[PDB]
Amino acid sequence: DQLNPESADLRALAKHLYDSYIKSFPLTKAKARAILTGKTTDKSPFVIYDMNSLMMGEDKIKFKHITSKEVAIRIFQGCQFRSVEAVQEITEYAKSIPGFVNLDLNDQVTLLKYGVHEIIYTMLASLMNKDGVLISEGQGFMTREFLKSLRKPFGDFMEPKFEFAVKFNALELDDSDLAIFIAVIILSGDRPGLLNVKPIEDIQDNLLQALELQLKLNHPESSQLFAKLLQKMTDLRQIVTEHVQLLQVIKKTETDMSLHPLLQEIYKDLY
Amino acid sequence: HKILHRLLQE
Ligand SMILES: CC[C@@H](OC(=O)N(Cc1ccccc1)C(=O)Nc1cc(OC)cc(OC)c1)c1cc(-c2ccc(OC(C)(C)C(=O)O)cc2)no1
């Protein structure tokens, strides 16, 4: 079964992951694409493209806060709000991955610590087109130009994510494909400081086989889609590397700012 | 990793 899977076991795993993904993540790629192409009967997202539209739109986006800081800082605080919720979502999803909760609890923590931001940037692509990103569960649309234009170094958090996303979105994955791919990323046996790699690699083996079958079935025309996708896993680590360097700059150059305790915990002694 | 542990527990 989980030890020696045949096709039907792998399909069952794919479906289990798809169902828990639907349960864990409020906004799917399906719903996002419907929003981004106008093919839906909900009201359009509020478009945020400059300081004035941010001001006009802060009304319409789920963002809880105490209170006026500059625009770049306010966007960054927003990103912390969303990132914390995303980490919660991903943690709930990880618990649904067969075998994950049976791992040493310290290894569960290490896999999340390293995996969550990689998953955030992967799933961010689902909310993006080349001109901007859906925010606050599709209620808002923040333009790429606006985000790119934020004063240094805040703009540099943004544009690398878009650049990754347009290339990643060229693969045309759906939610059923992504549900397995994100599980694969979480179950990475090479994270620093793992205590017991073998049961993590056992789970990842099965996930990778499940992903490969899913891609062959769901994208029969898309030859070697499994292989291109695997190469994106190293790209995601580079996004993290660059991102952490910018956070380190911010920590020093912006004294009033401090990360949410969850995010401090994730970044503390990362690598 | 206090908060992550808490999230994993529930
Ligand atoms: C390039 C697209 C941009 O997207 C957004 O601005 N979002 C979507 C988003 C952000 C963070 C995680 C997942 C998705 C966004 O929600 N912006 C946003 C802006 C707001 O402006 C006031 C308000 C707001 O309220 C919920 C949200 C973005 C920003 C980032 C980003 C992510 C993390 C980050 O640093 C922190 C939060 C410390 C981290 O690493 O966890 C800094 C920037 N990743 O993508």
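All values below come from the heavy atoms of this structure, side chains included, with hydrogens, waters and symmetry mates left out. Just follow the structure's listing: the first ligand is 1, and inside any ligand the first atom is 1. Chain naming here is simple, since letters A, B, ... match the order of the sequence lines and numbering starts at 1 in each.
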If you measure every N/O of A:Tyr267 against every N/O of ligand 1, is any gap under 3.5 Å?
yes
A student checking ligand 1 against A:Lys62 at a 4.0 Å heavy-atom cut-off should list atoms 25 (O), 26 (C)
Whether the A:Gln245 and A:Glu242 side chains hold a donor-acceptor pair (N or O, under 3.5 Å, no angle test) is what I'd like checked. no
key: A:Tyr121 six-ring face occupied by A:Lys161 cation (under 6.0 Å, within 45°)   = yes
**Message:** So for ligand 1, is A:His117 a polar contact partner (N or O within less than 3.5 Å, distance only)?
**Reply:** yes
Heavy-atom proximity to atom 12 (C) of ligand 1 ranks first, among A:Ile120, A:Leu262, A:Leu124, A:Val133, for A:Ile120
Any heavy atom of A:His243 under 4.0 Å from ligand 1? The part involved is side chain
If you scan protein heavy atoms around atom 28 (C) of ligand 1, the nearest is A:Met158 SD, 3.9 Å
Sorted by chain and residue number, the ring pair (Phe, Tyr, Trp, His ring centres under 6.0 Å) partners of A:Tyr267 (sequence neighbours excluded) come out as A:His117
So the atoms of ligand 1 within less than 4.0 Å of a heavy atom of A:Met128 turn out to be 1 (C), 2 (C)
Checking heavy atoms under 4.0 Å, the part of A:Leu127 that sits near ligand 1 is neither
task = Name the orientation class of the two ring planes belonging to A:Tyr271 and A:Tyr114 (parallel below 30°, tilted from 30 to 60°, perpendicular beyond 60°).
result = perpendicular
message = Checking the N or O distance criterion of under 3.5 Å, is ligand 1 in contact with A:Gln80?
response = no
Closest non-hydrogen atoms of A:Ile186 and A:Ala94, given as atom of the first, atom of the second and distance, are CD1-CB, 4.2 Å
Heavy-atom proximity to atom 23 (C) of ligand 1 ranks first, among A:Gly78, A:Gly57, A:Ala125, A:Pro160, for A:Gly78
If you compare A:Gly132, A:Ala72, A:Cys79 by their heavy atoms, the one closest to atom 5 (C) of ligand 1 turns out to be A:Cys79
Heavy-atom closest pair (A:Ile185 atom, A:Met233 atom, distance to 0.1 Å) is CG1-CG, 4.2 Å
Counting heavy atoms under 4.0 Å, the part of A:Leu54 that contacts ligand 1 is side chain
The protein heavy atom nearest to atom 25 (O) of ligand 1 is A:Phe63 CB, 3.6 Å
Atoms of ligand 1 under 4.0 Å from any heavy atom of A:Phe81, numbered from 1 in the order shown, are 26 (C)
Exercise. Could you please spell out the steps behind the side chain to side chain contact (heavy atoms under 4.5 Å, CB included) verdict for A:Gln88 and A:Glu85?
Key: CA-CA 5 Å; A:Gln88 294 159 2; A:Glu85 297 209 342; 4.1 Å; yes
In ligand 1, the atoms that come under 4.0 Å of a heavy atom of A:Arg74 are 22 (C)
_For A:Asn196, is there any backbone N or O sitting under 3.5 Å from a side-chain donor or acceptor partner on A:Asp107?_
yes
Testing the 3.5 Å rule here: is there a donor-acceptor pair between the side chains of A:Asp104 and A:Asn106?
yes
* Please state whether the rings of A:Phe63 and A:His65 are parallel, tilted or perpendicular, taking 30° and 60° as the class boundaries. => perpendicular
Honestly, for A:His260 the part within reach of ligand 1 (heavy atoms, under 4.0 Å) is neither
Per-atom filter on ligand 1: closer than 4.0 angstrom to a heavy atom of A:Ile61 are 23 (C)
The atoms of ligand 1 lying under 4.0 Å from a heavy atom of A:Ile135, numbered in the order shown, are 7 (N), 15 (C), 16 (O), 17 (N)
Margin query: Show, in sequence, the C-alpha distance, side-chain angles and deciding distance for A:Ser176 and A:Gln214, and conclude whether the side-chain hydrogen bond (donor to acceptor under 3.5 Å, both in side chains) test is met.
Written below: CA-CA 8 Å; A:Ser176 67; A:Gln214 172 65 31; 2.9 Å; yes
Within 4.0 Å of some non-hydrogen atom of A:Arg82, the atoms of ligand 1 are 9 (C), 12 (C), 13 (C), 14 (C), 16 (O)
The side chain to side chain contact (heavy atoms under 4.5 Å, CB included) partner of A:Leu13 among A:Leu207, A:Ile97, A:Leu211, A:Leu213 is A:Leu207
